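Asker: Sequence, then structure. It's an experimental one.
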Amino acid sequence: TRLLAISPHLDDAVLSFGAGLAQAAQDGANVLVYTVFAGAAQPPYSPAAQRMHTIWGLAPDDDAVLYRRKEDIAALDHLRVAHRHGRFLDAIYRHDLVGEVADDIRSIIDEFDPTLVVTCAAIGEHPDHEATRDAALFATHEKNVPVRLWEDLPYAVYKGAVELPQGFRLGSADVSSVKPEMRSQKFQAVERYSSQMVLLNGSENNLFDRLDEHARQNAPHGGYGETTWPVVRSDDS
Ligand SMILES: [Co+2]
């Protein structure tokens, strides 16, 4: 198996699908996590971006992208999977965009030759998540590579139906069964994203409790698991 995961930001793949990535690697798959919006940024930053940087524990004008890339390498190394950091700027530093992302994805498909691509459903409708998903759908459709979408975490813990580009639809939900030790490995990887843990934990300091409770609702035997859907072509498309 050659598994190409396509993450919008530096954290999403691990948050949403870290157990699936680590179990695929343990099973013997060749796993590569490409993050689209890992592009380098520099001052001048917007006041909103400066605000994010300070929340994350950096100076307002620090190189937050480099710090986050190092978090991602640490997290993905803990899952024993490879990384690839793309050129696109996170929405806080910003069809044209989607086309460029799709072009880069097609190049990566040619180089890595995945047997399966997994990316986000873009539950929560974040523009970068939608751009990532849509670009991945277009590139994989053109290259005839199968695709699955993961349930975006923690965004789906509260809110599930998404509008895909015309021609694509989802099959039935699959909820994986993840062993307690692999749950722990995932959560340990999530913790490597120190910058993001600030807001992910929130005032109740409860990210992992929330993720556990969400999974317990639908996963086999009330254990841990991750929801994904296969993508197929709609009729008349
Ligand atoms: Co994200």
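Answerer: In hand now; what should we look at? Residues are numbered from 1 along each chain as shown.

Asker: gap between stretch 96-110 and the chain center?
Answerer: Relative to the centre of its chain, stretch 96-110 is centred 17 Å away, using CA atoms, centre = their mean, to the nearest Å.

Asker: I would like the residues contacting that stretch, please.
Answerer: The contact list for stretch 96-110 (CB atoms under 8 Å, 6 or more residues apart in numbering) reads 4, 6, 34, 36, 84, 86-88, 117, 131-132, 134-136, 138-140, 142-143, 145. For every residue, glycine as well, the C-beta is placed using N, CA and C.

Asker: Which of the residues you listed fall in strands?
Answerer: Counting by DSSP state E, the part of those found in strands is 4, 6, 34, 84, 117.

Asker: Reformat those as CSV; add neighbour count and distance to the ion.
Answerer: Below are the ones in strands among the contacts of stretch 96-110 laid out as CSV (neighbours: other CB atoms under 10 Å; distance: CB to the ion, whole Å):
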residue, neighbour count, distance to the ion
4, 27, 18
6, 28, 12
34, 24, 14
84, 19, 17
117, 26, 17
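
Asker: tell me which of the residues you listed is nearest to residue 22?
Answerer: Among the ones in strands among the contacts of stretch 96-110, residue 4 lies closest to residue 22 (CB to CB), at 15.6 Å.

Asker: What segments of this protein are helices?
Answerer: 12-26, 47-55, 64-79, 96-112, 127-143, 180-191, 194-201, 207-218 (DSSP state H).

Asker: Any residues of this protein in contact with the ion? List them.
Answerer: Counting by CB under 5 Å from the ion, the positions of the chain adjacent to the ion are 8-9, 12.

Asker: could you dump the helices of the chain to a markdown table with mean neighbour count?
Answerer: Listed next are these as a markdown table, based on neighbours: other CB atoms under 10 Å:
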| stretch | mean neighbour count |
| --- | --- |
| helix 12-26 | 25 |
| helix 47-55 | 15 |
| helix 64-79 | 20 |
| helix 96-112 | 16 |
| helix 127-143 | 21 |
| helix 180-191 | 18 |
| helix 194-201 | 16 |
| helix 207-218 | 16 |
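
Asker: Indicate which one of the ones you listed is closest to residue 156.
Answerer: Among the helices of the chain, if distance is taken as CB to CB, the winner is helix 207-218, at 7.3 Å.

Asker: Determine how far the closest one lies from the middle of the whole chain.
Answerer: 18 Å.
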